[PDB]
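Chains, contacts and geometry: an overview
Each chain, letter by letter, is given below.
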Amino acid sequence: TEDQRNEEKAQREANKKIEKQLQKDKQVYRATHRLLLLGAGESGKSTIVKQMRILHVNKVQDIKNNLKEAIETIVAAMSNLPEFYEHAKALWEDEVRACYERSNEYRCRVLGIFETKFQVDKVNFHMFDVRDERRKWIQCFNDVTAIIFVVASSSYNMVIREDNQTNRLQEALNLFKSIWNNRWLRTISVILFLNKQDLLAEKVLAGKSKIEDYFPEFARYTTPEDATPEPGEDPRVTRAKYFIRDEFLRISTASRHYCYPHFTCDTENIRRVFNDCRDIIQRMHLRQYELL
Amino acid sequence: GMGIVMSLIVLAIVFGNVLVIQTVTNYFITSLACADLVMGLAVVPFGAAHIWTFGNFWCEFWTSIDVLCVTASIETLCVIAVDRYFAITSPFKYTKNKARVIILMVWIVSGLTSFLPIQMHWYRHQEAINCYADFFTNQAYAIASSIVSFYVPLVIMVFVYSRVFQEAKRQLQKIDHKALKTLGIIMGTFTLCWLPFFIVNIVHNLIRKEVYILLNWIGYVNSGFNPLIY
Amino acid sequence: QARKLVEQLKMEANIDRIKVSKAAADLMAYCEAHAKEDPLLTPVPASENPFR
Amino acid sequence: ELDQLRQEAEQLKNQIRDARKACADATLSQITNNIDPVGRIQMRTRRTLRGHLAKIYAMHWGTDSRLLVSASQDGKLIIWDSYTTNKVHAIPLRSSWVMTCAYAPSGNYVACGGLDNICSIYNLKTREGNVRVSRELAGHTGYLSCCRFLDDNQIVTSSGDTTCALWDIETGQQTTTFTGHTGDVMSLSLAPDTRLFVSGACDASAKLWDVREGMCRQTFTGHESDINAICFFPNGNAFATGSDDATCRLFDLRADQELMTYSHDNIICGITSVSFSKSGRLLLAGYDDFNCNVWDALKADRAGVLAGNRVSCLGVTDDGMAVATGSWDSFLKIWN
Ligand SMILES: Nc1nc2c(ncn2[C@@H]2O[C@H](COP(=O)(O)OP(=O)(O)OP(=O)(O)O)[C@@H](O)[C@H]2O)c(=O)[nH]1
Ligand SMILES: CN[C@@H]1CCc2c(ccc(O)c2O)[C@H]1O
Ligand SMILES: [Mg+2]
C-alpha cells in the first residue's frame with residue numbers, strides 16, 4: 001500500500017489546492033462587467049476606444065502607410081469624374097477643389113480582438129472589439145451585459161465599399177434590425193451612439209443635399225413636442241437631428257430589451273459620455289427580477 | 001366539536017415547507033422554511049391540549065419552543081427584507097461565507113433571549129402559583145419580548161420598503177401598477193397576521209383569557225402562507 | 001483562374017467508381033464482427049466496470 | 001472562354017453524376033432488413049464533474065482513456081482525472097476566448113485554439129511547477145475551428161477563412177496550404193490511418209483532402225444547410241456528418257454516394273456534434289434542445305435518450321468504456 005497511500009494523499013492535496021485557487025479566482029469573474037462594440041465600416045467604433053481608454057486604462061511607420069492612400073484616391077477619381085513626399089507636398093498645395101465635392105466615390109486609419117481594460121472607483125470594465133455578412137461568431141455572447149452599437153450619422157449619401165450597393169446609413173439600419181431579432185441574443189440591452197455630429201452640422205448648413213431628396217419618406221417636418229434642443233441649436237438641424245434617432249427607435253419599439261439613444265462627438269464630450277456610460281448604470285438596477 | 005377537522009388542515013402546513021426545503025440570497029429562505037417546520041411540528045400537539053397539563057416539563061417545552069420559533073421567523077423575514085433592499089438600493093455592491101455568519105447570528109441571538117429566561121424562572125401572583133398544581137408572565141418580560149421580537153423589525157421593514165417604492169417611481173419616470181400590488185401582498189399579509197397578537201399582548205383584567213388564545217392562533221397560521229408568498 | 005478548377009475537376013472525375021458490391025454487408029460484417037468488443041451494447045459486469 | 005471551358009466540366013460533371021447514379025443498386029434498409037434490433041437501452045451518470053465558471057466549448061479524450069482536457073469560455077484549460085474526479089492542472093490563457101482543444105498521443109503536450117488566430121501549444125511534462133508556452137503560430141487569418149495532432153510535431157488547423165493548413169511546430173511555419181472551399185470551414189477529423197483528413201465547410205459540402213500531396217480528391221453535397229460536425233467510422237471507409245438541420249447522413253468514399261439519411265420528423269432542434277462507438281454499431285449525437293439522443297447505424301431507431309443548457313461537444317474513450325458530454329451549464333458529465 002506504499003504506492004497507493006502516498007500518491008492518493010498527494011493527489012488529494014493537489015486537488016484541495018487547485019479547488020481553493022479556483023474558488024478564489026471565481027469571485028473576480030462575477031465582479032467584472034463586459035461590453036462589446038459593433039457598428040459598420042468607417043463608422044468610428046474603435047476610434048472612441050482611444051478617447052475612452054485614455055480615461056482610466058493607464059505606429060508612426062504604420063500611420064504613414066494610410067497617408068499615401070489618401071493622395072491616390074483623389075487623383076484616380078479625376079479621370080472617372082523624401083523625394084516622393086517632396087513632390088506630394090506640392091500636390092497637396094496644388095489640391096481645383098471639386099474633387100472633394102465628389103464625396104460619393106468609395107483621427108486614425110481603418111485597420112483580431114483588441115481588448116481594453118480600465119478601472120475606476122466602481123467595478124472595472126472590460127471591453128471587446130469586433131466584410132463577413134455571415135456573422136456566425138455572434139453565438140456565445142449571451143454573457144455580455146450590454147452591446148455598445150455605434151452608427152454613423154453624417155453619411156446619408158455615400159456608399160459602402162461595394163459601390164452602388166445601398167445607402168451607407170441604410171446599410172446600418174437593416175443590420176440593427178437583424179441584431180434585434182436573434183435567438184441567442186434575446187436578453188441583451190443595446191446602447192446607441194450617433195457619432196460625427198460636427199460633420200452633420202457642416203453638411204446641412206451649406207444647403208446642397210437635402211434629406212428629403214435622398215430619403216423620400218420625410219413627411220415629419222415638425223419635431224416631437226417633448227423636445228429639449230441643444231443650447232443654441234438651429235431649428236432646422238434639430239428636426240434633422242431627431243429624424244435619425246426616431247428611425248432607429250421605430251425598429252426598437254416594434255417588439256426584455258431596452259434601447260437607449262445618445263449623442264456623441266471633443267474627447268471630453270466622449271468623456272462626458274464616459275461619465276454618461278457610468279451614469280447609465282440603470283440596467284443593473286433595472287432588472288428588478290423580484291417582481292417590483 | 002370540529003377541532004379534529006381543522007387539525008388536519010393545519011397538518012398541511014408541514015407538507016409545503018417540506019417540499020420547499022440555489023443562490024446567495026436563496027439560502028435565507030431555507031432558514032424561514034426551517035423555522036416553519038419547527039413551529040408546525042411542535043405547536044400541533046400543544047395546540048390540541050384542549051380537552052390537559054401533560055407534565056411539568058411539558059409546559060417548559062412548549063414555552064421554550066413557541067417563543068423561539070416566532071422570534072426566529074420574524075427575524076428571518078427582517079433579514080430577507082434587508083438583503084432585498086441592499087441588492088437594489090446600491091448597484092455595484094461591495095458572500096456565502098458572510099451569509100453563513102449572518103444566518104447563524106440571527107437564529108442563535110433570538111433563541112438566547114427567549115429560551116434561557118423562560119427556563120430561568122421568569123414569571124410571577126397568588127393565582128399564578130395555583131396553575132402549577134396559562135402562560136402567565138411578569139417582570140415586564142412580555143414587554144421586552146414584544147419590543148425585541150415583533151415591534152423592532154417593523155420600523156426597519158417600513159423604512160426599507162418605502163425606500164424601494166421611492167426608487168421604483170424614479171425608475172418608471174425615467175422611461176418617458178404592479179409594484180404596489182406586489183409590495184402590498186408581501187407586507188400587508190404579515191402586518192395583518194401579526195399586529196393583532198402584539199397589540200393584545202401589550203394590552204396586559206379588560207381582556208378575556210379565552211379569546212386571548214384565539215389571536216395567538218392566528219399568528220401561528222402565518223407559517224402556511226410563508227412558502228406560497230415566496 | 002477557371003481553367004485551374006476545370007483541370008482539377010477532370011482529374012477528380014478520373015477515378016474508378018466501384019459499385020455497391022454489398023457495401024452495407026461489409027459495414028454490417030465489421031459491425032457483426034465486433035459485437036462483443038463494444039461495452040456499450042451489452043452492459044459490463046459491475047465488478048468488471050472500472051468506474052462502478 | 002471560361003464559360004466555353006465550363007461546358008466540358010458540366011458534361012464531365014454530368015458524366016460524374018450519371019456514373020454516380022449508375023452505381024445505385026439497392027438501399028441500405030433492404031440489405032439491413034433482416035437484423036436483430038438492439039432494443040431499448042439507458043445509461044446512468046456514473047461520475048459527475050464540476051469546477052468551471054463558464055460554458056465549455058470542447059474536450060478531447062486522452063490516448064490513455066483516463067485523462068480528459070476541457071476548455072472553458074474564461075480561458076482556463078484544466079486537465080481532469082476520470083477515476084478520482086480530481087484536477088491536475090489549471091493553465092490560464094493569454095486570450096480570454098477559446099474554441100478547441102487537443103491532446104497529444106504521447107501525452108506530453110496540449111494544444112489550445114482561440115478566437116484570436118493563434119494556435120498556441122503547451123507543454124505538460126517539462127521541468128516542474130509552472131507550465132510554459134512552447135510556440136505560438138500566427139500564420140493565418142480569421143478564427144480557428146479545430147486542432148488535431150498527426151504526431152508529436154505536426155498539427156492540423158482549420159480556420160474560418162476557407163483555409164486548412166498543416167503546421168510544423170519546430171520551424172513555426174506552414175509546410176503546405178489547402179484551399180478550395182467557397183465558405184467558412186467549421187470542423188474536421190483525422191483518419192485512424194493518419195493519412196487523410198476530411199473537413200466540413202459551411203456551404204452544405206464536405207471534402208476529403210490528402211495530406212501528402214496537398215490536393216483535394218472528392219466532394220459531397222448531400223445537405224442544404226451549414227455543416228457542424230464530422231467523425232470517421234472506425235473502419236475508416238465512411239464518415240457521419242451533422243448539419244444545421246436535424247438530418248444526419250452517412251456517406252462513403254468508395255461509392256461516392258450518400259447511403260442513409262437519418263430522417264427526423266419530430267426532432268426540430270439542431271445538431272452540435274457526432275461520435276461513433278468501438279464497434280461502429282451506435283452513432284451518438286447531441287442536440288440543441290438541452291438533451292441528447294442515441295441513434296442506430298442501420299435500423300435507425302432511438303435506442304436511448306440522455307438528459308441533463310445546450311450540449312456543445314462529445315467524445316468516446318479509446319477503450320470504449322465511457323462517454324463524456326459537455327454543455328453550457330459549466331458542468332461535464334460521464335455516461336456508461
Ligand atoms: N470627423 C470625424 N471623424 C471621425 C469621428 N469619429 C471617427 N472618425 C473617423 O472615423 C474613423 C473610424 O475608424 P475606426 O475607429 O477603425 O472604425 P471603422 O473605420 O468603422 O473600422 P473598424 O473599427 O475596424 O470596424 C476614425 O479613424 C476617424 O478617422 C468624428 O467624430 N469626427
Ligand atoms: C404561549 N404563547 C406565547 C406567549 C409569549 C410570547 C409569544 C410570542 C412571542 C413572544 O415574544 C412572546 O413573549 C406567544 O406565542
Ligand atoms: Mg479589426
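Residues numbered from 1 in each chain as written, not as in the entry; some residues may be left out. Chains lettered and ligands numbered in written order. Heavy atoms only, no water. Residues with missing side-chain atoms left out of burial classes, pairs and counts.

The test is simple: UniProt positions are given in the numbering used here, feature names are shortened, and annotations may be inferred rather than shown by experiment.
The name given to chain C in the PDB entry is Guanine nucleotide-binding protein G(I)/G(S)/G(O) subunit gamma-2, and the organism recorded there is Homo sapiens. The title given for this PDB entry is "CryoEM structure of beta-2-adrenergic receptor in complex with GTP-bound Gs heterotrimer (Class T)". UniProt lists a comment for chain C under the heading Function (literature references left out), and it reads "Guanine nucleotide-binding proteins (G proteins) are involved as a modulator or transducer in various transmembrane signaling systems. The beta and gamma chains are required for the GTPase activity, for replacement of GDP by GTP, and for G protein-effector interaction." In UniProt, chain C has this text filed under Sequence similarities: "Belongs to the G protein gamma family."

Under the annotation held in the PDB entry, chain B carries the name Beta-2 adrenergic receptor and is attributed to Homo sapiens. Taken verbatim from the UniProt record of chain B, the Function comment is "Beta-adrenergic receptors mediate the catecholamine-induced activation of adenylate cyclase through the action of G proteins. The beta-2-adrenergic receptor binds epinephrine with an approximately 30-fold greater affinity than it does norepinephrine." Its UniProt record gives chain B a comment under Sequence similarities, which states: "Belongs to the G-protein coupled receptor 1 family. Adrenergic receptor subfamily. ADRB2 sub-subfamily."

With respect to the side chain of D:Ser70
Residues and elements named next belong to chain D. Here is the rule we go by: Numbered from the N terminus, helices here are DSSP runs of H or I no shorter than four residues, and strands are runs of E no shorter than two. In protein, a polar contact means a hydrogen-donor-capable atom and an acceptor-capable atom, both N or O and within 3.5 Å, with residues adjacent in sequence counting only if both atoms are side-chain atoms; elsewhere, any N or O pair within 3.5 Å suffices. Here, residues are in contact when the closest pair of their heavy atoms is within 4.5 Å.
Counting through the fold element by element, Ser70 comes out in strand β2 (residues 68–72). For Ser70, the side chain forms a polar contact with the side chain of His52, separated by 3.0 Å. Ignoring sequence-local partners within four residues, the contact set of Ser70 consists of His52, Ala58, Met59, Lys76, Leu77, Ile78 and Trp80.

Re the UniProt feature "binding site: (S)-carazolol" in chain B
Residues and elements named next belong to chain B. If you check UniProt for "binding site: (S)-carazolol", the listed places come out as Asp66, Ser145 and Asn216 in our numbering. Turning to its location among the elements, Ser145 is positioned in helix α6 (residues 141–175). Mapped onto the fold, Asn216 is located in helix α8 (residues 209–229).

Description of the sheet that holds strand β26 (residues 333–335) of chain D
Residues and elements named next belong to chain D. Worth spelling out the cut-off: In this description, strands pair whenever DSSP reports at least two bridges between them. In this analysis an axis means a line fitted to C-alpha atoms, helices contributing only their contacting stretch, and an angle means the value between N-to-C directions, from 0 to 180 degrees.
Ordered in space as β24-β25-β26, the three strands form an open sheet in which the pairing is antiparallel. What marks the edges here is a single partner per strand, and that holds for β24 (314–316) and β26. In this sheet, neighbouring strand axes are inclined to one another by 20 degrees on average, regardless of whether the strands run parallel or antiparallel. Sheet topology note: the β24/strand β25 (residues 323–325) ladder contains three bridges and is antiparallel. When the sheet's bridge partners are listed, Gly315 is paired in β25 with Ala324.

Brief notes about the interface of chain A and chain D
Convention followed: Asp, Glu, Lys and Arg are counted as charged, while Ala, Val, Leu, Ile, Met, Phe, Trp, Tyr, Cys and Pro are counted as nonpolar; the rest, among them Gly, fall into the polar class.
Contact with chain A, which involves ten residues of that partner, is made by 17 residues of chain D. Class assignment of the residues belonging to the side of chain A that touches chain D gives a composition of seven nonpolar, two polar and one charged.

With respect to the UniProt feature "binding site: (S)-timolol" in chain B
All names here are of chain B. Those residues carrying the UniProt feature "binding site: (S)-timolol" are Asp66, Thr71, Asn201, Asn216 and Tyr220 in this numbering. With residues near it in sequence (within four places) discarded, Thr71 still touches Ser110 and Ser149. A distance of 3.2 Å separates polar atoms of two side chains, one belonging to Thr71 and the other to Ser149.

Here we look at the packing of helix α2 (residues 26–47) of chain B against helix α3 (residues 56–89) of chain B
Residue and element names in this part refer to chain B. The criterion, for reference: Roughly parallel means an angle under 35 degrees; roughly antiparallel means over 145; roughly perpendicular covers 65 to 115; every other angle is labelled oblique. It is the rotation of the near helix from the far one that decides the hand of a crossing: anticlockwise by less than a right angle makes it left-handed, clockwise makes it right-handed.
The N-to-C vectors of α2 and α3 enclose an angle of 155 degrees; their axes lie 9 Å apart at closest approach. Classified by the angle their axes make, α2 and α3 are roughly antiparallel. Relative to α3, α2 is oriented so that their crossing is left-handed. Note on element contacts: α3 touches α2 through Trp62, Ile65, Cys69, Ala72, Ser73, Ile80 and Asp83, opposite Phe28, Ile29, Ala35, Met39, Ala42 and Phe46.

What to know about the pairing of strand β17 (residues 239–243) of chain D
All names here are of chain D. With five bridges connecting them, strand β16 (residues 227–232) and β17 associate as antiparallel partners. Each bridged residue has a counterpart across the sheet, and for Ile227 the counterpart in β17 is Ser243. What sits between β16 and β17 in their antiparallel hairpin is a turn of six residues, with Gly236 showing a positive phi close to 80 degrees. Two strands pair when backbone bridges link them, and β17 and strand β18 (residues 248–250) are joined in this way by three bridges, in the antiparallel orientation. If you follow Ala240 over to β18, its bridge partner there is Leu250. Where β17 folds back on β18, the antiparallel hairpin that results is connected by four residues.

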